[PDB]
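First up is the structure itself, then whatever we jot down about it.
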Amino acid sequence: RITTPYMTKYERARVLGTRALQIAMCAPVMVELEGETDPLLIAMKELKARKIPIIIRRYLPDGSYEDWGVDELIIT
Amino acid sequence: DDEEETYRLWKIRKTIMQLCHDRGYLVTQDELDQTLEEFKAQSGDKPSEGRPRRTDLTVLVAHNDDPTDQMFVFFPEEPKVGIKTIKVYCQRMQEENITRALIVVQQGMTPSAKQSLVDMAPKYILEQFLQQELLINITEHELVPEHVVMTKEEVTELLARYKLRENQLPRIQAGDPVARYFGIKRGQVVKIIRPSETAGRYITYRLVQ
Amino acid sequence: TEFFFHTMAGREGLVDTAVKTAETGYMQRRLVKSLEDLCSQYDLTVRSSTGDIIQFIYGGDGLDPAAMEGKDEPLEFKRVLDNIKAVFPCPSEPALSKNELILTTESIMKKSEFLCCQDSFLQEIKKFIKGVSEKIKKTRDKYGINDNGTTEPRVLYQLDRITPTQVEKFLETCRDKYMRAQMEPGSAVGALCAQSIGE
Amino acid sequence: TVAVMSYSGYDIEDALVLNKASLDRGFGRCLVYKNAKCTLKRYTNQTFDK
Amino acid sequence: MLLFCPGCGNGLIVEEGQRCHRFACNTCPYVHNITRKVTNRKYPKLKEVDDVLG
Amino acid sequence: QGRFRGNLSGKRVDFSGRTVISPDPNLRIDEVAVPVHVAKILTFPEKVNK
Amino acid sequence: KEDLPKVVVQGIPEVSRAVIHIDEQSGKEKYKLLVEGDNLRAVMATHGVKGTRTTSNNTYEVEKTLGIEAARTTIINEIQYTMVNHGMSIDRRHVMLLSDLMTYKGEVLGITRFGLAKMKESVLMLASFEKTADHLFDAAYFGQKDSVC
Amino acid sequence: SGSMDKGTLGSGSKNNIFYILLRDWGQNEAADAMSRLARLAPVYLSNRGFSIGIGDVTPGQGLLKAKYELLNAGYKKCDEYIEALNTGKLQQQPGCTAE
Ligand SMILES: [Zn+2]
C-alpha cells in the first residue's frame, strides 16, 4: 500500500506478454474477441477492459511482498 | 613575523572553539565570538604568547552528556612532535584524569609518533590535527553540506523505516576530514543535508567504516 | 593556397572525428560496464546488485529525466496555466480576486490526494499561486477593477480572468503530471545514465 | 537532365528520385560479371578428377 | 667561469694552498694564485609583474 | 573476439537481416517497411489456438 | 650555482602559477585567484584567501581536503561545467547518480579496472570486463562463490 | 500567429508542438499529427516548387563594393599593426606576448 498506485510500463509489458503467451497456448478469453487473430492484440484488449486474471507480486528489497491486481492498479 | 603568527593562532583558536561547539562541549558565546582585539589583549606578541602551556584548554566539558567528561587540547611548540612529548602529554592526561585529547601540530607528525598515538590505549583517545587544516573551518565551506551525528535511537528509527542493516548504508572513512572534525567513531551514523538547486534539501545518511 | 588551407582544416576535422569515435566508444563501454548494475527499486531507493544503496532517492526528488517538461524542472507552471485557461474557458463563471484565489487554493490543496505529494512541489505551487494572485491584484489596482463584480466595463475582467473550475483543473493536472513523472521502479537507471553520458 | 527540387518528399536526406521511363529506356543499366573457377588436378596416385 | 690549463687544457678547480686560494688542475702541477677579486655574474631573468587577466 | 566479449556479451543470432534503407514518408513513425524477399525468409512461430 | 637559483623563498612549492582573474559585473568589478597548482589546503591556509569559497578541479585533492561530500559536489559541478562548455545539456540527476556511485564507499573510486573491482564483486563481471585470466585465477584461489544477482 | 520552423517543429529543445501534444494528449495524438505533417508537407512542397540555382548565391554590386572596402580596410590595419610590431612598440594585451 506504500508503493505507487500507477502501473508502470514494465509491469504493463510483462503482463501483456504473459497473457499473450497464455492465449497462444489456448487460454480462455474473457472479452469475446471480434476477429482478433493476434494474441498481443487480444491481451491489449483484455488490459483495456481490466479483465486480465493476473496479480502482480511486488517484492521489496528487504524481502517483504505485496499483491496488486490489474483492475486495482491505474493504467494510462 | 609577530603579525601573521598571532592571526593564525587566533584563527586556530576560533576554529577549535567552533569544533567544540559542534561536538557539544561547553563553550561560552564570548569564546565563540572572540575578536582579534581580545586575542591581542590576551597576548599581542609571539614570544609573549605561550604555545605549549598558555594556549592549552582544560575547561572543555560535555555539558550535554556529562559535566564530568573532560577534553583537553595541546599545542606543541616544536614543528615535529616526538615520542617524549607524546609520553609527557599521556602522563599529564593520566594525572589530570582526562580521556579525550586533541593535538594541534605545527608541521607534522613523525611515523613512529603517529603509530604510537594510534596504539596508545583504547581509553586514551588522542586526535591529531594540523594547523594548516585548522586555519580554515570545514563546516563553513560552501561545498561541505551540513552533517549531524545521529543518536542510536535515530539510527534504529531509520533502520526500522527503511528495513535495512548497518552494512547496507553508504560507508564513510574514519580518516575523512569531516569525520575527524566531528570525532565520530566506527559504527556511528551521520545525517547529511544537501541544499538542492531549489529551496529543498536532500537528506542522506552515512555510516562510519 | 586558400584551397590547400581549407583541405588542411578538413583533414584535421576528419582525423579529429576519427579519433573521437574510438575514444568515445571505449569511454561508453567502460561507463556502461561500470553502471550496468544499478536499478530503481520499489521503495524509491537506488541499490546495486549486492543490495547496497547508492541513493536513498534518485536525484534527491525522484523524477524521471525523460518526463522533464521544464529546464531541469517537473512542470512549467505558466505554460500549464495558459493551456488550462485555453482548454477550459468558463464564460458563465465570474473571476476570482487575490483573497478568493488564495482561499480556494488552500482549500483544494488540503485534500487527501495531495498529502502523498512531495512538499517541495506543493511549496512551488503555492509560490506560483501567490505570484499570479499578486499579478491579478496589481492589474485590478491599476484598472480600478472591483472584487464585488459590479464594474460596468466587463472587458476589464478579461485581462487576468481565472475561475475556480480552471484553478481545480490546473491543480489536478499538475498533481497528475507530478505523479506520472516519478521514477518507475525497475528501470535500468544506471544504464540510462551511462548512455546519456556516453552519447 | 537533373532538376534540383523537392518532389514527393522521397528525397529528404541525400536521396534522389529516378524516372521510370528513363530507367526503362536504358538509363543506368549495369552488368555484373562473376567468375566461377574449377580445377581437375591429378593426385599422387594414377587417378584424376573427372 | 670555466678556466683551462694552458699546459694541457683540462678544467681548473679552485682549491686552497699554503698561502692563498688558487686554480689548479687534476692532471698536472700547474697552479695559479688569485691576486685580485674575480667575479662571474649571470644576471638571471627576473620575474615580470604578471598583470591582471580579463 | 574472446569468449566473454566475443561469444557471451555480444553474439550472433538468427531470424535477422541487414539491408539498405530508403526514405518513405507515406508510412507512420511507428511503422517500417519489410521486403517480400526478407519476409518470406524471416518466419515467426505461431501457436495454433481457437 | 646550478641548484641555488631554483630554491623557493616564498610561496607554496606545489603552486606553479597564480594569476589574478577579474569579473567585470556591472554591479562591481571583483578579483579572484586562479592557481595552476595541486595543493588546495595551502591555498586555503594562506592569509587573505577566503577559504570558505575556494574550489578546485582535482577531485582527489578535494576529497582529501574537504571530504567525500565536497568531492561529490566538485565532481558534479565539474562535469556540468565541462558539458555546458560544448553547448549540450544533461539532466543533473545523471551526474548526481554517477558521483554517488563513485563516492558511496567513502572514497572516490574511478571507473577503470582498478576502481571498479573495489566497488563490484561479481567475479564473472570482473573477468568479462578486463584481466580475464588474472581475475579468474584469483577467484579460483580465494574460492569466492559468485551469485547470479 | 507565427511561422513554423526548427524551433517549433524541429528536434532542438522544448516548446515543440509535437512535444506539447505528447505531454498533453498522449502518444497516439502526437504520432497521428506527425504522420499528417509528413504526408501533407511533401505534397504542398512539390505543388509549390522549391529549387536552388547559381542566381540564388551570386553576389550583388553593392555586396562586392562593401567586400572590397572591408578587405582594403582590414589589409591596411594589418599592415599598420605589422609595422608597429616590427619597428617600434606595440600595445601588448594582458596575459600574452607581443606575437
Ligand atoms: Zn692543467
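Protein chains in written order, with the authors' numbering: chain A, 51 to 126; chain B, 2 to 210; chain C, 845 to 1043; chain D, 740 to 789; chain E, 1 to 54; chain F, 349 to 398; chain G, 1193 to 1341; chain H, 647 to 745.
Just so you know, even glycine gets a beta-carbon here, dropped at the ideal spot from N, CA and C.
Minimum C-alpha distance to residue i - residue among the options
i	options	result
residue 899/C	1272/G, 1285/G, 1213/G and 1211/G	1285/G
residue 1029/C	865/C, 908/C and 869/C	908/C
residue 201/B	904/C, 881/C, 852/C and 867/C	904/C
residue 104/B	86/B, 158/B and 62/B	86/B
residue 4/E	20/E, 30/E, 39/E and 47/E	30/E
residue 58/B	112/B, 206/B, 101/B and 176/B	101/B
residue 741/D	761/D, 784/D and 748/D	761/D
residue 21/E	8/E, 35/E and 10/E	35/E
residue 392/F	357/F, 360/F and 364/F	364/F
residue 107/A	100/A, 120/A and 97/A	120/A
residue 173/B	129/B, 186/B and 199/B	186/B
residue 373/F	671/H, 684/H, 663/H and 664/H	684/H
residue 1339/G	1317/G, 1326/G and 1323/G	1317/G
residue 92/A	53/A, 65/A and 109/A	65/A
residue 63/B	29/B, 43/B, 146/B and 44/B	29/B
residue 874/C	1308/G, 1215/G, 1208/G and 1336/G	1308/G
residue 13/E	45/E, 50/E, 23/E and 47/E	23/E
Bridge-paired residues (DSSP) for residue i
i	result
residue 110/B	82/B
residue 118/A	106/A
residue 196/B	202/B
residue 986/C	Answer is none; residue 986/C lacks a bridge partner.
residue 884/C	890/C
residue 24/E	13/E and 31/E
residue 147/B	194/B
Residues near residue i by beta carbon distance below 7 Å, same chain, minus five either side
i	result
residue 1206/G	1229, 1230, 1231 and 1234
residue 124/A	55, 56 and 57
residue 881/C	892, 893 and 1034
residue 1041/C	875
residue 1208/G	1228 and 1229
residue 101/A	80 and 81
Span separating the alpha-carbon of residue i from that of residue j
i	j	result
residue 1315/G	residue 751/D	50 Å
residue 868/C	residue 1247/G	28 Å
residue 771/D	residue 659/H	48 Å
residue 719/H	residue 910/C	52 Å
residue 362/F	residue 350/F	20 Å
residue 184/B	residue 75/B	16 Å
residue 95/A	residue 949/C	39 Å
residue 914/C	residue 951/C	27 Å
residue 1320/G	residue 1313/G	12 Å
residue 962/C	residue 1021/C	13 Å
residue 73/B	residue 17/B	11 Å
residue 998/C	residue 669/H	35 Å
residue 734/H	residue 43/E	26 Å
residue 1237/G	residue 978/C	48 Å
residue 51/B	residue 40/B	13 Å
residue 930/C	residue 1011/C	13 Å
residue 923/C	residue 969/C	13 Å
residue 1283/G	residue 1306/G	28 Å
residue 1067/C	residue 161/B	Residue 1067/C lies beyond the stretch modelled for chain C, which goes from 845 to 1043, so this question has no answer here.
Beta-carbon proximity list for residue i, same chain, < 6 Å, skipping 5 on both sides
i	result
residue 779/D	788
residue 128/B	103
8 Å Cβ shell around residue i - same chain, five flanking residues per side excluded
i	result
residue 82/B	104, 106, 110, 111 and 114
residue 178/B	134 and 139
residue 818/D	With chain D covering only 740 through 789, there is no way to say anything about residue 818/D.
| said: Using 8 Å as the cut-off, can you tell me whether the region 360-380 of chain F makes contact with the region 665-683 of chain H, which would need three or more C-beta pairs spanning the two stretches below that distance? | reply: yes
| message | For the structure I just gave you, are there three or more beta carbon pairs, one from the region 1205-1222 of chain G and one from the region 1251-1267 of chain G, closer than 8 Å? | response | no
| Are the region 42-60 of chain B and the region 4-14 of chain B in contact at 8 Å, needing three or more beta carbon pairs? | yes
| task | For the region 1300-1309 of chain G and the region 930-942 of chain C, state whether three or more C-beta atom pairs, one from each stretch, are separated by less than 8 Å. | result | no
| query | Residues with a Cβ closer than 6 Å to any heavy atom of ligand 3, in chain order? | reply | As presented, the structure is devoid of ligand 3, carrying ligand 1 as its sole ligands.
| Touch test, the region 1290-1300 of chain G against the region 849-868 of chain C, Cβ-Cβ under 8 Å, three pairs minimum | no
| Contact the region 1000-1020 of chain C vs the region 202-210 of chain B: 3+ CB pairs below 8 Å | no
| Are the region 82-90 of chain A and the region 100-117 of chain A in contact at 8 Å, needing three or more beta carbon pairs? | no
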